[PDB]
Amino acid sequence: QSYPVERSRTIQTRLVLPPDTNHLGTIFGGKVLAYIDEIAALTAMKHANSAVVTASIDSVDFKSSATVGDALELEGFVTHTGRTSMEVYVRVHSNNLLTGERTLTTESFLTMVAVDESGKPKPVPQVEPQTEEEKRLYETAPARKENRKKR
């Protein structure tokens, strides 16, 4: 039992609004993190057809800021699976819709675990990579899992 990465790929666009932002109008790091987890959860739920929980997130380096009201664009997809777990890759851009300037904000990996109605880990289907980027992320996922185990 397997599904393509495309089945669960999720896209989001959010207007950056005053409450999301700090008193100079820059988006809070924590709002970006919340949105990253939201898209990873949606992505993992689509792949597993299950409630999910976040087991961990890898380091997140914020390469650029976003300001009120840029658009924040997020993409997520499942890159690799374990028995009950899914690695999800999320890529975030900010898009200044007035100027057309679009910049990479961050990219990261999360580990999501499917759980049943009682909260017990639940087996998940395998993922089938199709693009070259997908195939590369899948081939490199075991190594990332080993670093998580070490840390």
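A residue's number is simply how far along the shown sequence it sits, counting from 1.
- The stretch with the higher mean CA B factor, choosing between 85-93 and 66-74, is 66-74.
- Looking at mean Cα B-factors across 128-136 and 8-16, the upper value is held by 128-136.
- Set against one another, the Cα B-factors of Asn49, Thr54, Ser118, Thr43 in the record reach their highest point at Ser118.
- Ranked by C-alpha B-factor against the other modelled residues of its chain, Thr26 falls in the highest third.
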